[PDB]
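Scroll down for the structure; my scribbles are underneath it.
Note that each Cβ is placed from the backbone with ideal geometry, even for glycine, and that neighbours are counted across all protein chains shown. What follows is calculated from the coordinates using simple rules that are stated; it is not laboratory data.
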Protein chains: 4
Amino acid sequence: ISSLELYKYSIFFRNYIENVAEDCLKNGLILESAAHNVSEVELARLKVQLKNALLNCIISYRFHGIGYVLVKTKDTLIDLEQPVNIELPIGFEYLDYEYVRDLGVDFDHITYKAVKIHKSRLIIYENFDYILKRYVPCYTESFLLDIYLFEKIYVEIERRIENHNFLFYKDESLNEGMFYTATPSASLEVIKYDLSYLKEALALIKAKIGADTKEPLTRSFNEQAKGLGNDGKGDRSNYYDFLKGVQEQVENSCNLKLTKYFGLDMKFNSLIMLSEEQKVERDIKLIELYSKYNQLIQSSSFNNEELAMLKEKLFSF
Amino acid sequence: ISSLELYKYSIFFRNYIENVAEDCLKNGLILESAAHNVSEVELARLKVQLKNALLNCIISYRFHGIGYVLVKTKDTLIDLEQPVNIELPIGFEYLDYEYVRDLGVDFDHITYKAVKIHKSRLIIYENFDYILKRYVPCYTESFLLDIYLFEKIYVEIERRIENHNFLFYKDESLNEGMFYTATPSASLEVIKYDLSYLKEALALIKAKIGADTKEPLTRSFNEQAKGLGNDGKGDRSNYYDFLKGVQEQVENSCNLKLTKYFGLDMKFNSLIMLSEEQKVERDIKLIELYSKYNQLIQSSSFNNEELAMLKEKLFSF
Amino acid sequence: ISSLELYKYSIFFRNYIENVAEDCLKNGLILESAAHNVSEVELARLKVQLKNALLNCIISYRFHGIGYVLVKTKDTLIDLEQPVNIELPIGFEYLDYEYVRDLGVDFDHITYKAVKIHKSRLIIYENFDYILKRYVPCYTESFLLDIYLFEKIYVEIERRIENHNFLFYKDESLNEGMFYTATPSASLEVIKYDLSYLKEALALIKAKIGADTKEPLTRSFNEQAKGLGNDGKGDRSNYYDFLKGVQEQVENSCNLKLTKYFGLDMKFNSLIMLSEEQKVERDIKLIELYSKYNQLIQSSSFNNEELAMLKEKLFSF
Amino acid sequence: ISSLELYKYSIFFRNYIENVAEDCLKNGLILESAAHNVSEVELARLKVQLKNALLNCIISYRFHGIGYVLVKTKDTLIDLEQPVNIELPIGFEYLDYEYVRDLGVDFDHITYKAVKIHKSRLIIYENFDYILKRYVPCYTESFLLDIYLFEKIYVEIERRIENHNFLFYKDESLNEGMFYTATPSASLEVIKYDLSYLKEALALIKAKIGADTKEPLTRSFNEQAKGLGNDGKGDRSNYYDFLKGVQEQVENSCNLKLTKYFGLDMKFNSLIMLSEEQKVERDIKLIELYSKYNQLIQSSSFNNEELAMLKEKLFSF
């Protein structure tokens, strides 16, 4: 089973690949300059390009196992080989995986099409598996088999739908709604197909898909929500933890060179976005807490030390 | 399976294509002029034309993979080849995909019917897939197969409905409600068809359609709502996120040239529209919050720094 | 399958065509004169005629793909060819589609029966599909097939109801409630038909009809409500959005020439009509909001700027 | 299938035809004189006759497609040909459809039996279908087929009820509760009929009838209510909208000539009639609203403009 052919044929596989990338950058990024000399306008334009490059970078990381983003500066096509000491980026460009040749971590350069580019100009998001000692995608052969069977169910349905029922007529001698014959041994029987096998197969395939991935839309066949809301509790969902880990890895990969070589810092906005009503409810409860604290302080005679100890053992104070 | 023939035959496919475009522009746009010299009346007329062009632009993006909108100015048919430096648009016109020839991003012109038009006069909304290295529509072959089977179920039903039941009469020698014969070996039997195959096929096809798309009307067969209301929480629906991403892409595509070449800015109104009752409830709660804050400030003795810190850690203040 | 024959035979198809037109004009229109010189009495009479013409215009738009309304002035049958600069209408008349010949948008005149009429005297409501490059009705071949099968179920029922049960008597030699014979090989058997096929077909046809249209009465077989009430929330129904889009298109089509050539403006009343009790409940809540705001303003010491900022961030104030 | 024979035979069809007419005039009318010179007593007597004529007029409109009401004045049988300029009616009389000959809208007279009557003396309620270009009744062939099958079910039941069970006795040689025979090949078997076909047919016919009409009594087989009560909300039922449209059409037809030629105006009372308890509850809530408004006005210091703006944005004030 070829992953490229399945990607071409199945929109389900395409959505499974792209949903994580879409959800990671859904709430936006924050870009900041250590020097604090770049105008916010240009910083914001650079950010938009970074989001555009990072989308394809995460997609390539999920499909191939590695992603490449070039940080373009005001330099020539030949100067890309030379390392960067300190510079301000002009933009970001995602590099296609099929046009990139990299010989490993021991080398400090890649070949792009044959333009030689130093690795200090590249943001690299890689999935290295130490048990396999190689870069691997997010899917295995079993997952490909599950998707293939899920698509093959409907191919089998299409192969038989036209003749799900037909007549079997045996006759040796050969408007009204009557079929007449004179042969005494003649027979007429309806031949019918069945779909219970495919229904059971669909149920088992759905169970396997739900067991093989954590993306909520893929498991539930677009029936469930992403579970990235605010429930007033710390018990987050599995998808939240997965997205947080992906965001942390992307942040490490980007800041490993943005800060050292380009003097920039990138951050992901919070996965959970509060609503205006929830924000107001939070302000009211905190104001009530402050009022209660003021009433306690004003109408008590606690020794200062006890007051200090209460201060450290309080979260807000 | 040809997508054009399915579009011609099936209203379900037409609705699936057009529902996203209809929902994206349902709440309207905002058009603004940086120079602040155009009268709002003409700005509003230009906006209506922009909405009309953008509807067809999103439809063509979803069906073909790319959409073209020409920004018409007070120029001649020959002057469309020349670039634009700074100008005020006279309107917007959607360009048919079949009459447009574009050789790629490396070229800065297109051919329309053979009128040569510079790309600075065109708003381009394209879906480029880096894994496939080509522009792709929103559907795949599997989705077309699902729609084809969904339509073929009822063709099969129509092929057999007239003779779902008929009589099989065997007789060698050949008002009242009695059928009489004298042959001792004669037979009379009712031949019946079955529909359990097609019912099971419909169930599986519905499950596949729900798994292959996120548009709520298409998945639920017009049984569910769009889920674009206000629930007082930040946990938005999947359709909301999809529409927000589409709106962001359209905004980038339009503002990439409206601002640089025509000095205009476009924005999408909010997907969620509050009701008058909800607006009043929000005002009451915010007034209560302000009253509580004033009571806290007036009847407390907090050091200024603590008050400042409370100010930064409050969302509203 | 011919749409005219189905319209003639089926009341279900007639209702499906006419329900949208009936619901669009159910709450009435508003007619206004820019010059503010026409008496309201004549304006109201003109409005009634406009509603009468617009009903048939929307019906023809839904059945044929285009609708024509002539704006009749105090002119002769020959003067209808000449354009209109500025005039006051005497009325409105719907023009039958079969008697109208139009050669396209490139032409500025139509032929009616052969009276030549300039297009500036005509309100045109057209459904142009850019993918098909032609005017199309609101239905496709699949929808016609569904309606045909829905009607054919009961034709099949009528074809067999009289002999759903009958006796099969075999006898070679040939009050009381006893049937007697002397032939030892004689037989007597009841022959019965079945209706499970047609019941299953009805279920599948209902599912297909619900999937192929958004009109709530057609989908639910007159079992559901139109969903155009007030729920105190912004989450409107799909039918509301569809009717709003239709109303917007009709408003654009009418005002494209009523204002430029006749100095008139037309508007649709709101789809949602509040009840008297709901209106009172709204007044009470807004008065409570104003009282709370007055109490906040009177008993606080907020700096003016803060008060201003609260004013902009409040919806009502 | 003949509609007259079905009307003769079926009370269900008669009720379906007459229920709309009965519900339209159930709450009464209002008759007013523009001159304000007729005594209310005579106006009320004229109203009763108008209701009596309008009942049959709506029945004829529903059964035939057109209805005729003559406005009788103090004139002779020959003077009915002459037009009316200004006159006061002496009464109203419904004219039978079968005795009326009308050649179309292009003619201004009809023939009644051969008395020639000018159309200015006639109230005409017609259902013209522009797609069919003819006057049509409220039913189609499919609805007639449904009613015919509904009646034919019980005819089939009556055709077999006496011999639903009978004995089949085979015997070649031919108090106690024992049937004895000596023939060794003799047989005795009970022959039974079945009713599952007719039960399923009844279910499907009920579904079709509910889909083909909006009258709640006809759809539910007299099991549901008319849904014309007060629910404190604006979400009215489908039957309410249908009756409102019928009332509006009847009002237009009557006032098209009552006002121009006879100086009279007719109106329909409201479809929804409030109960005494509901009226009291409404008064209490409005008095509470007025008290709250007075308290707000008396104990506030709002600038006059703000007070004015609150006045326009309030429904009651």
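So, of the residues in the stretch A:286-299 that are over 12 Å from residue B:296 (Cα atoms) and assigned to a helix (DSSP H, G or I), which turns out to be farthest from the other protein chains (Cβ to nearest Cβ)?
A:296
Considering only residues that are among the acidic types (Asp, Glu) and in a helix (DSSP H, G or I), look in the stretch A:30-72 and name the one that is farthest from residue A:97 (Cα to Cα).
A:40
Applying the selection to the stretch A:30-45, what residues are within 14 Å of another protein chain (Cβ to nearest Cβ) and out of contact with any strand residue (DSSP E or B) (no Cβ under 8 Å at 6 or more places or on another chain)?
Selection gives A:41, A:45.
Exactly one condition in (1) within 30 Å of residue B:195 (Cα to Cα); (2) out of contact with any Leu (no Cβ under 9 Å at 6 or more places or on another chain) is false for residue A:157; which is it?
Single failed check for residue A:157: (2).
Taking interchain pairs and intrachain pairs at least six residues apart, which have beta carbon atoms under 8 angstrom, with the first residue in the stretch C:183-208 and within 15 Å of residue B:183 (Cα to Cα) and the second surrounded by fewer than 15 Cβ atoms within 10 Å (Cβ to Cβ) and among the hydroxyl-bearing types (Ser, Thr, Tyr)?
C:183/C:173; C:184/D:185
Out of the residues in the stretch B:286-316 that are over 26 Å from residue B:236 (Cβ atoms), within 45 Å of the chain's Cα centre (by Cα) and of a type in the set (A, V, I, L, M), state the one that is surrounded by the fewest Cβ atoms within 10 Å (Cβ to Cβ).
B:310
Residue under question is residue C:153, and the condition is that it be touching a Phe, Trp or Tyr at 6+ places or on another chain (Cβ under 8 Å) and part of a helix (DSSP H, G or I); does it hold?
No: the conditions fail for residue C:153.
Residues B:136, B:100: which one is in contact with a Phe, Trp or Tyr (Cβ under 9 Å, 6 or more places away or on another chain) and away from chain A (no Cβ under 14 Å)?
Every option except B:100 fails the conditions.
Of the numbered conditions (1) within 30 Å of residue C:97 (Cβ to Cβ); (2) crowded, with 19+ Cβ neighbours inside 10 Å; (3) within 23 Å of the chain's Cα centre (by Cα), residue D:110 satisfies every one except a single condition; which is it?
Status for residue D:110: all satisfied but (3).
Just one of the numbered conditions (1) at the interface with chain A (Cβ under 10 Å from one of its Cβ atoms); (2) part of a strand (DSSP E or B); (3) of a type outside the set (S, T, N, Q) is not true of residue B:160; which one?
Going through the list (1) at the interface with chain A (Cβ under 10 Å from one of its Cβ atoms); (2) part of a strand (DSSP E or B); (3) of a type outside the set (S, T, N, Q), residue B:160 breaks only (2).
Can you pull out the residues in the stretch C:121-133 that are of a type in the set (D, E, K, R) and more than 10 Å from every other protein chain (Cβ to nearest Cβ)?
Scanning the stretch C:121-133 gives C:121, C:126.
Please enumerate the residues belonging to the stretch C:218-254 that are in contact with a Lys or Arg (Cβ under 7 Å, 6 or more places away or on another chain) and closer than 18 Å to residue B:217 by Cα.
Hits for the stretch C:218-254 are C:238, C:239, C:241, C:242.
Residue by residue through the stretch C:245-271, note down the ones that are within 20 Å of residue C:215 (Cα to Cα) and away from every other protein chain (no Cβ under 14 Å).
Answer for the stretch C:245-271, where residues must be within 20 Å of residue C:215 (Cα to Cα) and away from every other protein chain (no Cβ under 14 Å): C:250, C:268.
Of all residues in the stretch A:234-291, which are more than 21 Å from residue A:32 (Cβ to Cβ) and among the aromatic types (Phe, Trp, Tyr)?
Across the stretch A:234-291, the qualifying residues are A:239, A:240, A:242, A:290.
Run residue A:179 past the list (1) within 41 Å of the chain's Cα centre (by Cα); (2) outside any helix (DSSP H, G or I) and report the number of the one that doesn't hold.
The failed condition is (1).
Looking at the structure I just gave you, is residue D:172 more than 14 Å from chain C (Cβ to nearest Cβ) and outside any strand (DSSP E or B)?
no
Name the single residue, out of those in the stretch A:222-244 being within 11 Å of another protein chain (Cβ to nearest Cβ) and of a type in the set (A, V, I, L, M), that is surrounded by the fewest Cβ atoms within 10 Å (Cβ to Cβ).
A:225
Of everything in the stretch A:1-17 that's of a type in the set (A, V, I, L, M) and surrounded by fewer than 17 Cβ atoms within 10 Å (Cβ to Cβ), which residue is nearest to residue A:210 (Cα to Cα)?
We begin by selecting, within the stretch A:1-17, every residue of a type in the set (A, V, I, L, M); these are A:1, A:4, A:6, A:11, A:17.
Checking the rest, the ones that are also surrounded by fewer than 17 Cβ atoms within 10 Å (Cβ to Cβ) come to A:1, A:4.
Values: A:1: 20, A:4: 22 Å.
Looking at residues that are of a type in the set (A, V, I, L, M) and surrounded by fewer than 17 Cβ atoms within 10 Å (Cβ to Cβ), I get A:1.
Could you list, in sequence order, the residues of the stretch C:182-197 that are more than 20 Å from residue D:164 (Cα to Cα) and at the interface with chain B (Cβ under 7 Å from one of its Cβ atoms)?
C:185, C:197
Conditions first: (1) in a helix (DSSP H, G or I); (2) surrounded by fewer than 17 Cβ atoms within 10 Å (Cβ to Cβ). Residue C:201 passes all but one, so which condition is the exception?
It fails just one condition, (2).
Among C:20, C:69, C:48, which is surrounded by 13 or more Cβ atoms within 10 Å (Cβ to Cβ), within 10 Å of another protein chain (Cβ to nearest Cβ) and within 21 Å of the chain's Cα centre (by Cα)?
Working: C:20 fails: within 10 Å of another protein chain (Cβ to nearest Cβ); C:69 fails: within 10 Å of another protein chain (Cβ to nearest Cβ).
So the residue among C:20, C:69, C:48 that is surrounded by 13 or more Cβ atoms within 10 Å (Cβ to Cβ), within 10 Å of another protein chain (Cβ to nearest Cβ) and within 21 Å of the chain's Cα centre (by Cα) is C:48.
Against the conditions (1) hydrophobic (A, V, I, L, M, F, W, C); (2) under 30 Å from residue D:242 (Cα atoms); (3) over 16 Å from the mean Cα position of the chain (by Cα), where does residue D:78 fall short? Just the number, please.
Result: residue D:78 passes all but (2).
From D:10, D:39, D:2, which residue is among the polar types (S, T, N, Q), more than 23 Å from residue D:63 (Cα to Cα) and more than 14 Å from the chain's Cα centre (by Cα)?
Unique residue meeting the criteria: D:39.
Taking residue B:94, is it among the hydroxyl-bearing types (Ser, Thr, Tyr), within 24 Å of residue B:26 (Cα to Cα) and in a strand (DSSP E or B)?
Against the criterion (among the hydroxyl-bearing types (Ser, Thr, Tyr), within 24 Å of residue B:26 (Cα to Cα) and in a strand (DSSP E or B)), residue B:94 qualifies.
Could you check residue B:311 against (1) under 20 Å from residue A:275 (Cα atoms); (2) in a helix (DSSP H, G or I); (3) within 9 Å of another protein chain (Cβ to nearest Cβ) and say which number it fails?
It fails just one condition, (3).
Identify, please: which residue in the stretch A:245-262 is surrounded by 15 or more Cβ atoms within 10 Å (Cβ to Cβ) and farther than 12 Å from residue A:71 by Cβ and is, among those, farthest from the chain's Cα centre (by Cα)?
A:255
Filter the stretch D:273-285 for residues that are under 35 Å from the mean Cα position of the chain (by Cα) and charged (D, E, K, R); which is nearest to the other protein chains (Cβ to nearest Cβ)?
Looking at the filtered set, the residue picked out is D:282.
Is the stretch C:222-239 home to any residue that is over 23 Å from the mean Cα position of the chain (by Cα) and outside any helix (DSSP H, G or I)?
Within the stretch C:222-239 (the criterion being over 23 Å from the mean Cα position of the chain (by Cα) and outside any helix (DSSP H, G or I)), the answer is yes, since at least one residue qualifies.
What's the total number of residues in the stretch C:73-85 that are part of a helix (DSSP H, G or I) and loosely packed, with under 14 Cβ neighbours inside 10 Å?
Residues that pass the stated criteria total 2.
Could you tell me which of the residues B:166, B:150, B:179, B:143 is more than 7 Å from chain C (Cβ to nearest Cβ) and surrounded by fewer than 20 Cβ atoms within 10 Å (Cβ to Cβ)?
B:166
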